[PDB]
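Structure record follows, encoded as structure tokens.
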Amino acid sequence: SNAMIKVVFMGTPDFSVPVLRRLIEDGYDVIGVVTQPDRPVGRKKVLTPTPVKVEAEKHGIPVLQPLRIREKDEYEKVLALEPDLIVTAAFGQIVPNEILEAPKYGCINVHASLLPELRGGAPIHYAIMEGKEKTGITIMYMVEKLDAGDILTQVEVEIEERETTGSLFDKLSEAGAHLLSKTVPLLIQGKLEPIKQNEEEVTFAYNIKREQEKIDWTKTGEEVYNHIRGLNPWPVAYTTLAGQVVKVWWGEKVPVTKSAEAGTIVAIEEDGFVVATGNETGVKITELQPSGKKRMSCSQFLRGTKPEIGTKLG
């Protein structure tokens with residue numbers, strides 16, 4: 001909108017990059033960027049400038065990377081910049097009341113769920129895994145309590161049949177940067193009406209513990225399918241075969257003709273073996289990663305293991 005608007009952006013991963021980029025391309029005066037310290041990435045676990053740090057330094061925007069922004073010395077740096085608006089996206093630090101109460105047009109967050117649903121760290125994983133009809137982006141005010149601030153704007157994004165969590169990440173990120181661009185002028189011009197969240201309707205998308213990665217074969221084949229794709233490609237669901245913990249990357253929903261006990265390998269095909277579930281919908285594992293081995297298609301796995309029918313997983 002205007003170069004008259006000083007903006008500070010706070011974000012770390014790739015999710016936040018389109019948000020920051022769109023802010024810049026919009027013409028806003030981005031005076032500073034706050035990102036997390038650089039953390040190891042990849043198979044090799046290499047230390048790497050955060051995706052936001054990289055994008056920011058392409059423009060020559062100063063990057064603050066405090067261990068904890070909630071500390072005086074660190075947040076005073078931010079207070080010094082005197083931003084008129086603070087935007088955050090996927091910023092995993094506690095923003096102090098001092099910073100919150102500071103800017104003229106408030107501190108706004110771009111959140112990857114339709115609040116008050118799926119507050120917290122893993123709303124994208126949760127939406128898919130819960131077999132959500134549609135998810136979206138919420139842009140709301142930042143307060144003390146996590147994701148509990150008044151809602152400014154929202155947008156809906158459909159979850160397609162073959163969506164992975166990683167693919168919805170890009171979709172929600174792209175839709176977030178857009179909604180923000182459409183939001184900021186409306187916000188500043190007072191055309192926006194903050195909607196207090198209904199605490200009755202609040203659900204928390206808590207961070208995925210390893211015990212939640214474990215495939216529950218007892219559930220419907222429809223649920224196991226959304227469980228597998230909802231954890232793809234981070235942090236990936238797992239099960240057990242021949243004693244090995246096997247990361248299950250992908251599975252297809254296929255009919256099982258004779259209803260058997262869940263977890264049982266009922267059918268063997270060319271591209272994978274079929275496993276029984278809690279209902280009429282079976283799950284054919286086509287892509288998997290046994291412990292200590294690289295990710296592979298079940299086609300290659302089958303050639304080397306051949307788990308015979310009747311064997312149970314888990």
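Residues take their numbers from the sequence shown, with the count starting at 1. Because only heavy atoms are used, hydrogens play no part in the values below, and waters and symmetry mates are left out as well, while side chains stay in.
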Exercise for review: Could you walk me through whether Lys77 and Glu74 pass salt bridge (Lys or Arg N to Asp or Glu O under 4.0 Å), step by step?
Suggested key: CA-CA 5 Å; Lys77 296 176 175 178; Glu74 315 292 69; 3.5 Å; yes
Give the minimum heavy-atom separation between [X] and [Y], together with the two atoms involved.
| X | Y | value |
| --- | --- | --- |
| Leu23 | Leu180 | CG-CD2, 3.7 Å |
| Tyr206 | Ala122 | O-CB, 4.2 Å |
| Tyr126 | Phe204 | CE2-O, 3.7 Å |
| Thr277 | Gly221 | OG1-N, 3.4 Å |
| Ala148 | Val143 | C-CG2, 4.1 Å |
| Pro62 | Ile31 | CG-O, 3.3 Å |

Answer yes or no: are there more than 12 heavy-atom neighbours, outside [X] itself, under 6.0 Å from its atom [atom1]?
| X | atom1 | result |
| --- | --- | --- |
| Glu98 | CD | yes |
| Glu161 | CD | yes |
| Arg21 | CZ | no |
| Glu261 | CD | no |
| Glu82 | CD | no |

Could you tell me whether a side-chain N or O of [X] sits under 3.5 Å from a main-chain N or O of [Y], the two making a donor and an acceptor?
| X | Y | result |
| --- | --- | --- |
| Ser167 | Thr165 | no |
| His59 | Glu55 | yes |
| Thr203 | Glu117 | no |
| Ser16 | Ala89 | yes |
| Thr240 | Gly314 | no |

Kindly indicate whether the side chain of [X], heavy atoms from C-beta on, has any atom under 4.5 Å from the side chain of [Y].
| X | Y | answer |
| --- | --- | --- |
| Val78 | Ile69 | yes |
| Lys104 | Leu85 | no |
| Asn226 | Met129 | no |

Compute whether any side-chain donor of one residue and acceptor of the other, for [X] and [Y], lie under 3.5 angstrom apart.
| X | Y | answer |
| --- | --- | --- |
| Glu222 | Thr281 | yes |
| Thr12 | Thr50 | no |
| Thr138 | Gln154 | yes |
| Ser181 | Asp26 | yes |
| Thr220 | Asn279 | no |
| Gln36 | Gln93 | yes |

Exercise for review: Under the side-chain contact (heavy atoms from CB on, under 4.5 Å) rule, what do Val256 and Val266 come out as? Steps first, then yes or no, please.
Suggested key: CA-CA 8 Å; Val256 169; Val266 300; 4.1 Å; yes
Exercise for review: Tell me, with the steps shown, if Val246 and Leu313 meet side-chain contact (heavy atoms from CB on, under 4.5 Å).
Suggested key: CA-CA 10 Å; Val246 172; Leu313 305 190; over 6 Å; no
Review point. Which of parallel (below 30°), tilted (30 to 60°) and perpendicular (above 60°) describes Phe169 and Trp234?
Key: perpendicular
Hydrophobic clusters here meaning ILVMFWY residues chained together by side-chain heavy-atom distances under 4.5 Å, can you tell me if [X] and [Y] are in one?
| X | Y | answer |
| --- | --- | --- |
| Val8 | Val95 | yes |
| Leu302 | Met296 | yes |
| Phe15 | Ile108 | yes |
| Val224 | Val275 | yes |
| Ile137 | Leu114 | no |

Exercise for review: Kindly indicate, with the supporting measurements, whether the criterion side-chain contact (heavy atoms from CB on, under 4.5 Å) is fulfilled by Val34 and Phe9.
Suggested key: CA-CA 6 Å; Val34 182; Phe9 177 84; over 6 Å; no
**Study point:** Passing option when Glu163 is tested against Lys171, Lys134, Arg229 for salt bridge (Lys or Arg N to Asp or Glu O under 4.0 Å)
**Key:** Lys171
**Study point:** Counterpart residues, salt bridge (charged side-chain N to carboxylate O under 4.0 Å, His left out), relative to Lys294 (two or more places apart)
**Key:** none
Check your understanding: Does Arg210 make a cation-pi contact with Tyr238, if we ask for NZ or CZ under 6.0 Å from the ring centre and within 45° of the axis?
Key -> yes
Contacts under 3.5 angstrom, residues 189-197 side chains, donor-acceptor by atom type, not counting sequence neighbours:
residue, atom, partner, partner atom, Å
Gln197, OE1, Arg119, NE, 3.1
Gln197, OE1, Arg119, NH2, 2.7
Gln197, NE2, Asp147, O, 3.0
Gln197, NE2, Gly149, O, 2.5

Exercise for review: Please assess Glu158 against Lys132 for the test salt bridge (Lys or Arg N to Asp or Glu O under 4.0 Å), listing each intermediate value before the final yes or no.
Suggested key: CA-CA 9 Å; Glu158 226 75 10; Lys132 259 287 153 52; over 6 Å; no
Practice item. Could you please spell out the steps behind the side chain to side chain donor-acceptor pair (under 3.5 Å) verdict for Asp271 and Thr286? Key: CA-CA 6 Å; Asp271 50 24; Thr286 57; over 6 Å; no
Point to revise | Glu25 and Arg22 ion-paired at < 4.0 Å | key: no
Practice item. Identify whether the distance between the nearest side-chain nitrogen and carboxylate oxygen of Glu223 and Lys253 falls below 4.0 Å. Key: no
Exercise for review: Could you pull out all residues at least two apart from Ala237 that satisfy side chain to side chain contact (heavy atoms under 4.5 Å, CB included)?
Suggested key: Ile215, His227, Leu231
Practice item. Test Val33 against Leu20 for side-chain contact (heavy atoms from CB on, under 4.5 Å), laying out the working first. Key: CA-CA 9 Å; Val33 163; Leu20 162 64; 4.1 Å; yes
